[PDB]
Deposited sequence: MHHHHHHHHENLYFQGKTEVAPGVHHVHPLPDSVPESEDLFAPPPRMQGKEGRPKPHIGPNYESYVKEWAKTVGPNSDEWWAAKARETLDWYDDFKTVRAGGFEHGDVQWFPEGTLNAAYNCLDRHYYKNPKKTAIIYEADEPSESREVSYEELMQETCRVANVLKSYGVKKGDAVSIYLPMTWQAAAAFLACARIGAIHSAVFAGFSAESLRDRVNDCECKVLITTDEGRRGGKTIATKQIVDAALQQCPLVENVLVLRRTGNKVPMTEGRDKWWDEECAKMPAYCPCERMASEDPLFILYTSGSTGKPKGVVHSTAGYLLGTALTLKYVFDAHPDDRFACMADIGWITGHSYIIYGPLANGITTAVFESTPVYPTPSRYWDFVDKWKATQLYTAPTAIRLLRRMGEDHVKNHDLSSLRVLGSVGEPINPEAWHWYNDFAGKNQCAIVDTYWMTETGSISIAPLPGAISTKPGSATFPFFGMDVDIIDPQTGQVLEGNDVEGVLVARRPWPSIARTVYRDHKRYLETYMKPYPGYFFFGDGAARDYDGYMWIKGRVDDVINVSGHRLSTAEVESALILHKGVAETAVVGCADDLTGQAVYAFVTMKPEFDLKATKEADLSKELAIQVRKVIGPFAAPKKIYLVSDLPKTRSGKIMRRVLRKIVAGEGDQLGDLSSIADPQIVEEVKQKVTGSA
């Protein structure tokens, strides 16, 4: 075999996990939407791609969403000029599909499980309460003069009103631009100024991990260089005294108290911008295509059912919260989780106390969280029930098989489907993932593309498609899909240069990928992070997976630098578990052998640096420029 799966301590033949009992409609669990085998996935997937897929997408579009005006055309446009259209003649409102229609059917159903930073302060937020709070905010924005198409920045932590802020903008046709509450005043400034918003929504302070986020302090600093912000809505989250600029700044509760608890929905066109999410690339998503994509993926990738309680542990400052905390779940009318704390506050058992308390049916987090909890021991999880869960999802980066097994062993008790969901902020929704009721998973493989995704592997040098299996290269998409980002706000040139120009005719994700002998897709990491040693292209996940196979390795990050013998050299930055006593033990040799043993001599790191902890909310570009979190520069 030319394509090698990610290094795992378990042999290959023992590493195929079929849909487990809970995903078979047994043990009181509902029937999956797609099952029972791979063939059932292909039967349905084949309808969503190719020349006869307008019928399927038109039906799913009209069955999944409530429309004000029906659409005539299904799709149009393409990558070349960035004019992708989906259901253009149709009109709808995202807030209507995520709130109103569910409020009209069951007003008392819980929409949001607000898991506060402190476990006792948690509570359920019904669709009625959330709709009221959203219409109040919408009415406040309209009183500030926010019109259809105006940008509104959101700088809110993971409190339940953050969904009301999002949907308040969507309800009136405003483009919300969410900014993670941990971002600095300098980062916020850049995003508030780029979107040219005139209104900003934020908190007095945020609460995460028992520590205070000085949000209103961070806003006041940024706004000194944001001349366009005239109105700032401040939610009273902590109540601590914060500066309030008279005239500009108003309190959420006081403003909403003046407005009615209903607000009419603006009739939006499918291609009206729904939100900007800065990554700075202000990635722009439309309404219908994005909403439909997030709705379908949640239903099928997480096998969501009406009475399910979906728990996505991301932040609404990232696309994961946009798609799989707010728009996706609420569009399907189920319960979604707004988790305000960290995975290790008050203790590393928080995720599991949370599931058992609410009987969560699915969990969705990142490899960074999984590897963190793995470094903290199985005592915080071994003594839990967790039988409510049926599907466990991972997103953000390649999940090392060791973490995948840790995930499957303890969190799922070997009875949950593990969905490795690959996608980007620009894809809008999950692009490659196993349907839990049909796909047998391989640790660290996103498996097969989702409905509407037709992806190929291309040789980056020649630009030629590699037909068949056992191939490796860069990942691309053949055709647009509904939830694809439509542009980069006021920088369409950068939108085309980044995703459409490198390989004309396709969408360029920026990831190296490989399709193994069985057809499973393997995402190996960013193309920029690849290392070419003696003409052999090493992927970042391949080497890092081997290092964590060594007992005591907690997290790694390999980067390259030009070597005067091999072209490029592998340099490693390794974090050890807290128990590995580096005073008694002199290790860097045992790790390099681990690479030489599992990968090959060419992959052996030329130098290894043992470090205590750069990451986002892993910055390998930082590690590259250093060799070419100040401890890294010192070590």
Give the ranges of the deposited sequence, numbered from 1, for which the structure holds no C-alpha coordinates, in sequence order. 1-24, 304-309, 617-619, 647, 652-654, 666-682, 690-694
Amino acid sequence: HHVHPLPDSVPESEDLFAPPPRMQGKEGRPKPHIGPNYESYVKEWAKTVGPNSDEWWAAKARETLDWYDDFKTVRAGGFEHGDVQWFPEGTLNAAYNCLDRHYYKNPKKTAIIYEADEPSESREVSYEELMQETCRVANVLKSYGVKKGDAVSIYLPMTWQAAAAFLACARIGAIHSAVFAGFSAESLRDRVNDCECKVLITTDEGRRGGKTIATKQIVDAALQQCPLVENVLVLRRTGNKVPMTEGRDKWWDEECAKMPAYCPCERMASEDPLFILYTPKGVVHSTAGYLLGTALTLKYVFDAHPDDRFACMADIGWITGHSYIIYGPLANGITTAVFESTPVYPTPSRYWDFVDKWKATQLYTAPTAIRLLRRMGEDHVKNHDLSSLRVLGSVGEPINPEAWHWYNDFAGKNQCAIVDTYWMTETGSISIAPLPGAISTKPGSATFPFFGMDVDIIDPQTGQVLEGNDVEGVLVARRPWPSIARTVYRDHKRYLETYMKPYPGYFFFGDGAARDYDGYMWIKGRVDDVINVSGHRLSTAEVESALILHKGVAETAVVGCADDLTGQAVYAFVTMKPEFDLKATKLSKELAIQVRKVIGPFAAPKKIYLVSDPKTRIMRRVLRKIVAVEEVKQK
From here on, numbers count along this sequence of modelled residues.
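We call the rigid core the largest set of C-alpha positions that still match within 1.5 Å between the two forms.
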Core-aligned CA RMS in 5 other deposited structures of this protein: between 566-574 and 47-55 the higher one is 566-574
RMS CA shift, core-fitted in 5 other deposited structures of this protein, bigger for 539-547 or for 420-428: 539-547
Going by the mean C-alpha B-factor recorded in the entry, which is higher: 57-65 or 564-572? 564-572
Higher avg CA temperature factor (383-391 vs 479-487, as deposited) belongs to 383-391
Report the third (lowest, middle or highest) to which the CA temperature factor of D253 belongs, ranking only the modelled residues of the same chain. lowest
Based on the entry's values, in what third of the chain does the Cα temperature factor of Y517 lie: lowest, middle or highest? highest
Quick check on the deposited entry: does the C-alpha B-factor of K281 sit in the lowest, middle or highest third of its chain? middle
Ranked against its chain, the third holding the CA B-factor of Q225: highest
CA B-factor placement of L538, once the chain's modelled residues are sorted into thirds: highest
